[PDB]
Amino acid sequence: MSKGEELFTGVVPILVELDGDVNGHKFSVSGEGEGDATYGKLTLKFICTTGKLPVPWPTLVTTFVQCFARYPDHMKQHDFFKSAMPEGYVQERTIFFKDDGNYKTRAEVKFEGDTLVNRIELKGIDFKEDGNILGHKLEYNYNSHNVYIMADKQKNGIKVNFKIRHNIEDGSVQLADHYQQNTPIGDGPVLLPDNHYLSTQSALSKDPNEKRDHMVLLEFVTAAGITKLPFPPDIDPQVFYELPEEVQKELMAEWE
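According to PDB author numbering, the stretch in the sequence shown is residues 1 to 64, 68 to 230, 243 to 271, in order.
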């Protein structure tokens, strides 16, 4: 269904680089591993290269390559992510942690030679100093989620929405609402899909021999489904909050 699809038939090496700033606390993370879209499997190890990470590792899972999803044969014409390859796509999100701050991310996901690279900038603002995120109150674990995808024909891309459940050490749950958009970097044709979702599962672990602050991440992803107010990635939050609340709400309707 796409030429990009051919780049994913085997095991592909992956590099991830993130520069982050959350409430002015700067950090960098490097990751490496591999993806196997035939199985929908991703395996990655990340190291904080700047010292200790100032937010919980699980808050960064979604930021740290949906081109590795397994699309069933009957759904191959709906796989935007591989169709954009090798030139790649820009993935932008705004992520809202309930009763706490937000992340804004921009990533480029593309081939550099035979390696799939995810290069990310992340800015977080408005976090509470002893809230769940800056206070490191999240459990080191992850649950299963459905990631809902719709075409955005005007932008020649997709919009994506989902809500992550982060378990808190006291037994509560901290929700992270994700508003995502992806657009091709190159000029070649891409597949714009009918509505569907990715069933995503993740598990986090540690390397007992690794003394640097780090995360080992396993994800399994399979497509299915075909037989202060939140602001979107394109609007500076500064301008957004000057709009009437009715308008702020109406601007978010496209994410469903």
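Positions of the beta carbon are idealized from the N, C-alpha and C atoms, including for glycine.
Taking buried to mean at least 16 other C-beta atoms within 10 Å of its own C-beta, is residue i buried or exposed?
i      : result
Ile128 : exposed
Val176 : exposed
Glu269 : exposed
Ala226 : buried
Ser208 : exposed
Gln94  : buried
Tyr256 : exposed
Note down the Cα distance separating residue i from residue j, rounded to an integer number of angstroms.
i           : j      : result
residue 313 : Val12  : Given that the chain is displayed from residue 1 to residue 271, the structure contains no residue 313 and the question cannot be resolved.
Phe114      : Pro89  : 5 angstroms
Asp21       : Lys126 : 5 angstroms
residue 236 : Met218 : Between 230 and 243, the chain has no modelled residues, which means residue 236 does not appear in the coordinates.
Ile229      : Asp197 : 8 angstroms
residue 236 : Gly91  : For residue 236, nothing is modelled; it lies in the interval where the chain passes from 230 to 243 with no residues in between.
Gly4        : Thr38  : 14 angstroms
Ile171      : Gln253 : 30 angstroms
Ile98       : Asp210 : 28 angstroms
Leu15       : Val224 : 19 angstroms
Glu213      : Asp155 : 42 angstroms
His181      : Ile250 : 15 angstroms
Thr118      : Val29  : 18 angstroms
Who are the near neighbours of residue i in its chain, counting only those whose CB is closer than 6 angstroms to its CB and skipping five residues on each side?
i           : result
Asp36       : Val11
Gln69       : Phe84
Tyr74       : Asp82 and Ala226
residue 242 : Placed between 230 and 243 in the numbering, residue 242 has no coordinates, as the chain goes from one to the other without interruption by modelled residues.
Per DSSP, which one or two residues make a beta bridge with residue i?
i      : result
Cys48  : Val29
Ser205 : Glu222
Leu141 : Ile171
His77  : Answer by DSSP bridge pairing: none, since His77 is not bridged.
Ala227 : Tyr200
What distance in whole Å lies between the Cβ atoms of residue j and residue i, which are believed to be in contact at a cut-off of 8 angstroms?
i     : j      : result
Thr63 : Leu137 : Contact flag wrong, Cβ pair sits at about 17 angstroms.
If you drop the 5 nearest sequence neighbours on each side, which residues of the same chain put their C-beta closer than 7 angstroms to that of residue i?
i           : result
residue 238 : Examination of the chain shows a numbering gap from 230 to 243; residue 238 is inside it and therefore has no coordinates.
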